[PDB]
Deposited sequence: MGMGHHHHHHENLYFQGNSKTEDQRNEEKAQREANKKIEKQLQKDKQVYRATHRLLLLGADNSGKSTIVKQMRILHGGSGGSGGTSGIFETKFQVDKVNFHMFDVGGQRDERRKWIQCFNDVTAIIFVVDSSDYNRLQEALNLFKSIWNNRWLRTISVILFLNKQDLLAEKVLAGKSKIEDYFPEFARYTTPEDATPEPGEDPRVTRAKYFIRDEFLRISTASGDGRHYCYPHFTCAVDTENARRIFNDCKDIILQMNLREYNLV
C-alpha cells in the first residue's frame, strides 16, 4: 500500500497547509469586528457608510466598509440590495459584534416604524446576544424642526406631553430645552424597548449624531469596547 500511504501523506500535508491558513484567517477574523448597519430606509444609513469611507466597497448591493480606528479593524455592512423582508437575512447577522441602528429621529411619521423595527431586532431569537448601537441621526434636522414647531411630537406620540427631561441629561452646546426634551424623549422611547427585555445579554448604546459628525468612529469604537468587555465579563464568569 505504498501508493495509498503516499496519497494519505499528501492528504495530510494539504490539510496541514489548509489548517495553517485557517489559523491565520481565524486570527484575522477575530481581530476584525462585524457591525450590521441597520435602520429605516428613509435616511441615515448610506450617508454614514460613505462618511466612514471618507475616514471598503459594495458592488451587488451590500455597501461594505473596512475602516480601522486606532489598531482595531471594523467591518460595517449596509445590506441594501434586498427586496423587503428583513426577517430571513437578519438571521445571518447573529455573529456580528453589534447592530448600528441608525434612526432618522427628525421624521416623527416614520419614528414608530423605526421603533417597531428596533423592537423586532431586540426581541429576535438570534439577536438576543447582539448589542445595538443606537445612532439617532439628523439631530440638526430634528433641532430645526423643533425650533420651527411646524409639527408637534404630541400628535404622533401623546406620551410626549407628559414627558419631562431626565435629571441625568447632558445637554449639548446651545441645547434649547425643547430640542433636548424631544431628543431625550426619542432616546427614552428606544431605551424602554431596550430595557424591556435582554436580562443583561445585550445593551443598547444611545448615541446622537448628525450626517457630518466626525466622531462616529470613536462612538462605535467605544461601544464595541464596552460590548466586548461585557462579553469577556460573561465569559470570565465575572457576572
Open item on the list: What are the C-alpha gaps when you align the coordinates back onto the deposited sequence?
Closed with: 1-20, 76-81
